[PDB]
Every structure is written in C-alpha cells, then in structure tokens.
2 protein chains.
Amino acid sequence: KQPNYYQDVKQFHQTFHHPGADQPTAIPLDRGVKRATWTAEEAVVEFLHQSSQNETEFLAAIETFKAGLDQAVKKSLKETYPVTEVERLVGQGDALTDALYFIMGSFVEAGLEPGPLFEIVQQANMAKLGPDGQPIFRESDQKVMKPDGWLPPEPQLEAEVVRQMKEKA
Amino acid sequence: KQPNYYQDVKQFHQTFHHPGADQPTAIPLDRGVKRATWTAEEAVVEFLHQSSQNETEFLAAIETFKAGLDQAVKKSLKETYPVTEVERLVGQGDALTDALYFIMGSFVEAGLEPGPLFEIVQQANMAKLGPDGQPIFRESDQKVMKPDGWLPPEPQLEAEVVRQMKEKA
C-alpha cells in the first residue's frame, strides 16, 4: 500500500544525476538554500495560490506568511549557530523531520491520502527518460527535460483526488 | 520498517484535537496560511539556521530565499485562481505532494533515512498525554503543553543520526 518515499526519491536522484550521499553528510548552505526555496515554492506559494479565490486573498495570505517568516528568523538570530559538521547534520535532520510532519498534517487536514498521489508524481518523474533510456539534459542549466510523448501527472493527480472523494463518500 | 506517516499524524491530530477531514476537503485559506507558515518555520528558517556557521551566512541565505519566494509569487500572480472548491483541493494536493517530494530529496541529499527520525518525533508527540491519559491544553491559545517527566525528542534524534553514521561507515 504505502510507497517507500525515501527509496523512490533516492532512485529519482541516481537516475537523473541529482546529489545523493551514501553516508550521512551535512548539506552545504548554498545547496540548502536551493532546496528550501524549491520546497517553499510548492508548500507555500503554489499551495496558497491554489487555496485562494482572487489576487486580494492571495496577497493577504502571502503577506501574513512573510510576517511569520520574519518573526521566525528574528527568533533564530538569537540562537547560537552549529560549530561542527555533525551539529549541522543533526539540526538539518531535525528540521526536515518536523517539516515532513507538518506536510503530513496538511494531508490530514485536507483528508487526502498522500501515497497514491506521490506514486503518480514518482512514476511521471521516472518516465522522463528518453527513448534510449537516458535522461535529457538542456545545455542551459542542465534542467531535466520532458521527452516527446511524456504523460504529465496533473490530470492523473486530479483523477486520484476524485477517486478518493468517491471512495470516502 | 517504514512508518505509516499519514496514519501516525492522523492519529496525533485525533488524540490532540487538531483538525482532520474524513472526506477530502479543501483547506480554508486562513488555515492554510498557518500550515504553510509552520512548515516553512522548519523547512526554511530552522533548516537554514542549522545549515549556517554565523549570522552573516545565515542572513545571506535568508535573503536569497526571500528573493526566490518573491519571484515565485510574481509568477503565480499571473496564473488564474481556482473557481471551485474541488479545484482548490486538487491544487493543494498537487502542491503538498511536490513539497513532500522535495523534503524527501533533502533527506536523500543529507544521506539520512527519515523513518527512524519521524518515529522518534511521533512517539514524543504521543507521549504528551498527561497522567490521566488526556492532553494538557494551555488557556492561552489552546497550545498542547508538555507533561511533567516528558522526554524530549532532540537528544534521541541526535543519537539516531549518530547511529546511522555508524551503520553507513
């Protein structure tokens, strides 16, 4: 039933040449900034836009978010910084686990089971291999590109939501 | 081996009287803002602070994050808003699934298996029941309070990181 989330993303990383550590290793700060940004693009911006009915709502929600973000930074500025690489790894792991917990709570509040949705995203991601079985990388920024004939996940994700609505009716 | 993440948080929500939907239901915007904020407090602020060695690093990372956040909002402002409740649910589910995927990728980049860490957080959360088997709620803000004798997760989470480092050595 439940997907092996970590092994599935680990697999995506190997297949498409994203970073992966075989031994626990603190994530370098410049790389962490990227990951934090990508995560929030989805968990904050897309989530809030898709929760909004107009520009006025959406902007008020973003500003409220920004104020909470700023309060959290101000609180963190008063806390001492890690002094070893192990300390940085431990604090990252702690933060990533709570973040995972909150994401999961948002699924609970939405009444959506995440496993089948994650499975759709995983399969579509893996289907980005070209017809030679190799990833397609664009010369600008090495972005992984979609091959000709690739079926996008969005409509299936939507059909999965409707399926769950029907199951729980 | 792998925890049932969704069922474990669903359980935490029932036990401690947080919201939960039995049928798939779009999350109201004011509630989504809260969840987005809590998620980013961990995935962005705590994660970046624990990735930093000093105030100068940390502030540069936060500003870089904010610039990416602002670019994403500007892009989203040009996209049409959902016009039904089902549309809002579908877009939230989509966003929450990608966010989950990125969190998982951060575990991959750190080389940390999330399951055992999540298990420690889950168990500590569940152990917040008082000695009558009931949650303790503070009159200010109904915050769930820790009972006398509660063992905090942080040191165990750290010991778990060291255990994984040892296993992968």
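Each chain carries its own residue count, beginning from 1 and running in the order its sequence is written; this scheme need not agree with the entry numbering, and residues with no coordinates do not appear. The order in which chains are written sets their letters, starting at A; the order in which ligands are written sets their numbers, starting at 1. With hydrogens and water set aside, each side-chain value is computed from the structure's full complement of heavy atoms. Residues with missing side-chain atoms are left out of burial classes, side-chain pairs and their counts.

- Deposited coordinates in this entry are attributed by the record to X-ray crystallography, at a stated resolution of 1.78 Å.

### Topic: the interface of chain B and chain A
- Across the contact, 104 residues belong to chain B and 104 residues belong to chain A.
- Buried surface area refers to the total accessible area, computed with a probe of radius 1.4 Å, that the two partners give up upon joining, counted for both partners together. Carbon and sulfur atoms supply 73% of the area that chain B and chain A bury against each other, a total of about 10,200 Å² over both sides.
- The three residues of chain B that bury the most area against chain A are B:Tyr6, B:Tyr101 and B:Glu109, which together make up 9% of that side's buried surface.
- For this document, the term salt bridge refers to a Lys or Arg side-chain nitrogen within 4 Å of an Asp or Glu carboxyl oxygen. Our enumeration of links across chain B and chain A arrives at six salt bridges.
- For A:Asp70, the salt bridge goes to B:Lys66, with nearest N and O atoms at 3.7 Å. By definition, residues are in contact when any of their heavy atoms lie within 4.5 Å.

### Describing the nonpolar core
- Side-chain atoms within 4.5 Å are what join buried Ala, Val, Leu, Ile, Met, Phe, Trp, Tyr and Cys residues into a set we call a nonpolar core. Residue burial is assigned from relative accessible area. The probe radius is 1.4 Å, only protein chains are included, and a residue is buried under 20% of its type maximum, exposed over 50%, and partly exposed in between. The biggest cluster of nonpolar side chains holds 88 residues, and the ones touching the most others in it are A:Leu48, A:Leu100, B:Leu48 and B:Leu100.
- Ignoring sequence-local partners within four residues, the contact set of A:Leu100 consists of B:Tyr5, B:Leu100, B:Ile103, B:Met104, B:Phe107, B:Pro114 and B:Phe118.

### A closer look at helix α2 (residues 29–50) of chain A
- Per the convention used, a helix needs a DSSP run of H or I reaching at least four residues, while a strand needs a run of E reaching at least two, with both numbered from the N terminus. In a helix, the anticipated span is given by 1.5 Å times the number of residues less one. Taking 1.5 Å per residue as the helical rise, α2(A) with its 22 residues ought to reach 32 Å, and the 30 Å between its terminal C-alpha atoms agrees with that figure.
- Of all 22 residues in α2(A), 16 are buried, a share of seventy percent or more.

### Quick word on the packing of aromatic side chains
- What counts as a ring pair is set by centres within 6.5 Å for rings of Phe, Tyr and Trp (its six-membered ring), and what kind of pair is set by the plane angle: stacked under 30 degrees, edge-to-face over 60, tilted for all other angles. Throughout the structure, instances matching the rule amount to 13 aromatic pairs over all chains.
- Feature note: the residues A:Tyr5, A:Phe12, A:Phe16, A:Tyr101, A:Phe118, B:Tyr5, B:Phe12, B:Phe16, B:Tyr101 and B:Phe118 constitute an aromatic cluster, connected by ring pairs.
- Of note, A:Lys128 hangs over the ring of A:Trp150, and the distance from its end group to the ring centre comes to 5.5 Å. Should the NZ of a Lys or the CZ of an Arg lie within 6 Å of a ring centre and within 35 degrees of the ring normal, that charge is described as sitting over the ring.

### Side note on the relation of the copies chain B and chain A
- With an axial shift of 0.0 Å and an RMSD of 0.0 Å, the rotation relating chain B to chain A amounts to 180°. In the structure described here, the two chain copies are related by an operation that fits a two-fold rotation axis.
- A symmetric contact is evident, with 100% of the interface residues of chain B recurring at the interface of chain A. The copies are aligned by least squares, using only their C-alpha atoms.

### Section: helix α3 (residues 55–77) of chain A
- Across its 23 residues, α3(A) extends 32 Å between first and last C-alpha, which sits within 8% of the 33 Å expected from 1.5 Å per residue.
- Here a polar contact means two N or O atoms within 3.5 Å. Within protein one must be a hydrogen donor candidate and the other an acceptor candidate, and residues neighboring in sequence count only if both atoms are side-chain atoms. Two or three places before A:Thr56, at the start of α3(A), stands the capping residue A:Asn54, its side-chain oxygen 3.1 Å from that residue's backbone nitrogen.

### Section: the packing of helix α4 (residues 85–110) of chain A against helix α2 (residues 29–50) of chain B
- Angles shown run from 0 to 180 degrees and are taken between the N-to-C directions of axes, each axis being a line fitted to C-alpha atoms and, for helices, limited to the stretch in contact. The interhelical angle for the contact between α4(A) and α2(B), taken along N-to-C directions, is 170°, at an axis separation of 7 Å. Classified by the interaxial angle, the pair formed by α4(A) and α2(B) is roughly antiparallel.
- Only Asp, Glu, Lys and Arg are considered charged, only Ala, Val, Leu, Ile, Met, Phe, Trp, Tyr, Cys and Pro nonpolar, and every remaining residue, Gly among them, polar. Across the contact of α4(A) with α2(B), the residue classes tally to eight nonpolar, six polar and eight charged. An angle counts as roughly parallel when it lies under 35 degrees, as roughly antiparallel when it exceeds 145, as roughly perpendicular when it falls between 65 and 115, and as oblique in every other case.

### Description of the side chain of A:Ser52
- Counting through the fold element by element, A:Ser52 comes out in the loop between α2 and α3.
- From its side chain, A:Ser52 meets the backbone oxygen of A:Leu48 in a polar contact 2.8 Å long.
- In this view, A:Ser52 contacts A:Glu57, A:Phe58, B:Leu29, B:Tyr81 and B:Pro82; residues no more than four positions away in its chain are not counted.

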